[PDB]
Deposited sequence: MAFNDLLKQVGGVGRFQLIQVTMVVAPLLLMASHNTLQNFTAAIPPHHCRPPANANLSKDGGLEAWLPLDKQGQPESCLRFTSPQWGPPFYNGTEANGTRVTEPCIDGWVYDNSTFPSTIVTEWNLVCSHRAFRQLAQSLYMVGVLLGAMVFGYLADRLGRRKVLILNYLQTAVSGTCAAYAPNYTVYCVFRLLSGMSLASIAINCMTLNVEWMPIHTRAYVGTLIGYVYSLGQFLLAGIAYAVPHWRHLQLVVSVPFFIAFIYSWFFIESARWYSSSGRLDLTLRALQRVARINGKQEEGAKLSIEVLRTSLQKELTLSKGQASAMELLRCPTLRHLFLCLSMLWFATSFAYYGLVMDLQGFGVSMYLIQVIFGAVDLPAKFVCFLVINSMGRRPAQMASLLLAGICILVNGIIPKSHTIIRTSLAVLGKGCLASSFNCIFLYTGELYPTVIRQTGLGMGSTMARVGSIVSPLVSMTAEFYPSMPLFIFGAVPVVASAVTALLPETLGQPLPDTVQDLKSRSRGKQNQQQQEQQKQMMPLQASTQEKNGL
């Protein structure tokens, strides 16, 4: 086995701490990149460029000047803003909306940019996932840091909308690969009893990145500068990424025992176990890993695994879809986006606390049902309540966000414990893929706000309810042994 060798080198030592810290720092800006559009694509008050200004702008039901209509003659005929729009610079001096007039007839391009970024995220999670099996995790991480820095800066200096969208897609690809491969590298470089802690640290760093986004966006309001400042740190990340030590587990699995010994020797030197490291040798590693040394297409051939795959796909998709639909709408609560983003980042700790309590006490199925159902109801009620109730709608949005984060944690644990070990990792990958698909589709649904203002909220709230209903089909895994083969699945089912 490899666990004994990993323990011998020093376990969680200086190298492990330094590597995990320096490989997990980029997840601080992961959230900034995921939800940058809330600030770089903010929609300020606007009206057509012309008895004064009021005499030219037609009025609406609420009495505000019409956003995209203008009187042909002074005051009755209205025309679109052929002369361009007059935006408000008081709070949002410049965003991609004001830069490229992504308003009214072109207001769906704002959502299409996010959809393309998430399509890039999915594409990266697949392509770089395949590549890391060939070039290793360290090379892929270096390339991802370089790509993210380059694409982010290029988007910050994009001269037109298509270039911005292309570079946002590429940066999403690189960031998705970063997220996928950080956990893999750190898990392969850590013992078996610390991988859950690694995942917990990933969650915490994402929660902290949510705070960081609000802080940075408040500091620098202009969108070009904001994108530049949230994108350039990946240059430093790339610079120090050359010093990473590649996972010895991958080296061994790739049939390079000399490289495995060299990596373990270096880890011993850093961890201070040179004397124990010198004991290791090619013959020892071979005699230890001789023992260690199914496909995703059986998830559909065998009905017993097929049912689980389908249900978990629904669950993952619903969680991601509702989550991103809810969190990409911070400007619709009538409260300052900085405060809302701060509260959204803060609400992630009590959410996971309650989630942990519920899973340990009741089980996984009740936890998943409760999380999804409560998020759906919260979003639906948010849709029903009038927009003039800023405080109540903000509170309900925060509650739904916390519920969706709890659902994310619960679904990860449940899909981990549901599949047999023969096809467990494939199932986890497929579930994450469906989550990425949901994140891709959320902006598409949000594009419908142009016609029906509240339809996006209704769909975002309705999908989790159906997913919670679907959760009732899965079995309970609390206080049960982890299955190892499909025969174990049949035994559990009967």
item: Sequence ranges absent from the coordinates, based on the deposited chain and numbered from 1; value: 1, 52 to 60, 86 to 99, 318 to 323, 525 to 551
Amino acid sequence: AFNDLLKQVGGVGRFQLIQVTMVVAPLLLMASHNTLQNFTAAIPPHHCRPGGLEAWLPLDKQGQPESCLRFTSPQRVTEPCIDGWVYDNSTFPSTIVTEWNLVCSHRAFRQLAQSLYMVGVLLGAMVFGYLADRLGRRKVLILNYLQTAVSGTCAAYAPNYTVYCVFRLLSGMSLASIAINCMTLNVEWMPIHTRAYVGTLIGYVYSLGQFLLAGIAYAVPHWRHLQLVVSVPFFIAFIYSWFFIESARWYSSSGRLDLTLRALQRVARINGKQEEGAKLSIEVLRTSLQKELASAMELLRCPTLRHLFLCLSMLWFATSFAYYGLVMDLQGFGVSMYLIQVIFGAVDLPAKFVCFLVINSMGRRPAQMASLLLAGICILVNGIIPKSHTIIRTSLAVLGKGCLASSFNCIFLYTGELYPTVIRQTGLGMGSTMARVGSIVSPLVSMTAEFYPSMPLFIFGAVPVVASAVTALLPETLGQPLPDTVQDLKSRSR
From here on, numbers count along this sequence of modelled residues.
property: Unmodelled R168 in at least one third of other entries with both flanks present; result: no
property: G84: gap in at least one third of other compared structures; result: no
